[PDB]
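Visitor: Let me see the structure of the following:
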Amino acid sequence: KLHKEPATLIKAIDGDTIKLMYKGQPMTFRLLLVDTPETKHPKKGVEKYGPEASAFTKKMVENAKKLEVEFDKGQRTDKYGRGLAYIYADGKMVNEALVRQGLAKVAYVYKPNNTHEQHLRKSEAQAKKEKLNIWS
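Guide: Numbering: from 1, shown residues only. The coordinates are given below.
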């Protein structure tokens, strides 16, 4: 069973990356199971819907009363030292919110970190059907 722990925002970096204070330390978190268009791409730098995905994540986390992080059942850090988590703003999953608005695709999934994969894919299927943003 997954559980939520509190965290405090330090800074939103991108649509899918955030700096948070977690168990008293600054740490970078990457949102599990989602890919957002980048504003900080090695190669291309700024891609389409990049600034929109980024502003949507930032507003959601900046205006929340409570942020929580939920680790999955697999590895909790990627090879860059970023935490791999589902982030919740006032009880609403930010990973899902993005996918539901057509501002993120469901990523390539690495078992065992795939607990919310079906739920995310259902939201993605709805944003495609509605032709939102990325899907327009």
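Visitor: Counting neighbours, which bits of the longest strand belonging to the chain end up buried?
Guide: Looking across the chain with DSSP state E, the single longest strand is strand 4-12. By neighbour count on 16 or more other C-beta atoms under 10 Å, the buried set for strand 4-12 is 4, 7, 9, 12. Every residue, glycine included, has its C-beta placed from N, CA and C.
Visitor: of those residues, closest to residue 71?
Guide: residue 4 (9.4 Å; C-beta to C-beta).
Visitor: Any idea what the nearest residue to the closest one once chain neighbours are set aside is bridged to?
Guide: Counting by C-beta to C-beta, 6 or more residues apart in numbering, residue 68 is the residue found nearest to residue 4 once chain neighbours are left out, at 3.9 Å. Note on residue 68: beta-bridge partners residue 6, residue 88, judged by DSSP bridges.
Visitor: right, and residue 68 touches residue 90 too?
Guide: No - applying C-beta atoms under 8 Å as the test, residue 68 and residue 90 come out as separate, 9.2 Å apart.
Visitor: Between the two, which is the more surrounded one?
Guide: Between residue 68 and residue 90, counted using other C-beta atoms under 10 Å, residue 68 has the larger neighbour count: 18 against 12.
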